[PDB]
Amino acid sequence: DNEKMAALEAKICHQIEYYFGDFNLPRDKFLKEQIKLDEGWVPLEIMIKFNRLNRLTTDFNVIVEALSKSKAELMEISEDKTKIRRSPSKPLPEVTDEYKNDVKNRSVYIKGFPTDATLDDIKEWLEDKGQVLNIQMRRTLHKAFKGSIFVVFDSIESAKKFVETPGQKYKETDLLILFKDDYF
RNA sequence: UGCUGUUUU
């Protein structure tokens, strides 16, 4: 059962690091508010209101233990273990031309998922395909999923590898895979 | 990053 706990804690790490990451934090009004009141410190009481974390755990001890063993070294834990924050060692990148051009060059468009596909289905599908930093499910005005996504890879190398892999499928369907540069 | 809408159409 120590095995299941370790796997649970990896997920908790990944989820919280996403929330405070480069691809969510700057567009996350609710998280931004909480981050201004203390020196970046946000209480665990408030973090467990985030739905994906909430399904993983509501136990403070499990979250604190997860982030202590994390290899990303993004999150710090307060002295009293009640609050977490993004390390002042990891500032948010200034959104420059260089930065956005660098993100664009490793961002990929994929179309051909079923419209009833969930984020968890897509994540499962992307597991062996390279380090992915963001998944954006493209939606209509009324919030129906189109069956296309934008994915941001860690490096152009890992994006290129993926884009150049021949006949990629989601179960049944052939996928259209394009650099976001090539999509309009 | 992105996406979205924006009548001094």
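Below, read A as the first sequence line, B as the second, and so on, with proteins coming before strands; counting in each chain starts at 1. When reading the values below, keep in mind they use all heavy atoms of this one structure, side chains included, and skip hydrogens, waters and symmetry mates.
- Atom CD1 in A:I149 sits roughly 16 Å away from atom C1' in B:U1 (whole-Å rounding).
- The residue A:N134 sits close to a base: some heavy atom pair falls under 4.0 Å.
- The CZ-P distance, from A:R106 to B:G2, rounds to 12 Å in whole Å.
- Sorted by first and then second residue, the pairs that involve residues 14-31 of chain A and meet salt bridge (charged side-chain N to carboxylate O under 4.0 Å, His left out), not counting sequence neighbours, are A:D22-A:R86.
- When the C1' atom is compared between B:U7 and B:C3, the two are found 23 Å apart, to the nearest whole Å.
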>> Let's go through A:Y109 and A:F179 carefully: what are the C-alpha distance in whole Å and the side-chain angles of both, what is the deciding distance for ring-ring contact (aromatic ring centres under 6.0 Å, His included) to 0.1 Å, and is it a yes or a no?
In response: CA-CA 6 Å; A:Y109 171 85; A:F179 274 99; over 10 Å; no

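- Distance NZ (A:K146) to P (B:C3): 12 Å, rounded to an integer number of Å.
- If you measure from atom NZ of A:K29 to atom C1' of B:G2, you get 20 Å, rounded to the nearest angstrom.
- Atom CZ of A:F184 is separated from atom P of B:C3 by 12 Å (rounded to the nearest Å).
- If you take CG of A:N24 and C1' of B:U1, they are 12 Å apart, rounded to a whole angstrom.
- Atoms OH (A:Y109) and P (B:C3) sit 13 Å apart, rounded to a whole Å.
- Put simply, A:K143 has no side-chain N or O that comes within less than 4.0 Å of OP1 or OP2 on B:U4.
- In this structure, A:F153 and A:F162 have tilted ring planes: the angle between them lies in the 30° to 60° band.
- At a threshold of 4.0 angstrom between heavy atoms, the contacts of A:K104 with the nucleic acid are absent.
- Relative orientation of the A:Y170 and A:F113 rings is perpendicular, given thresholds of 30° and 60° on the angle between their planes.
- Going from atom CZ of A:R138 over to atom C1' of B:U1 covers 16 Å, rounded to whole Å.
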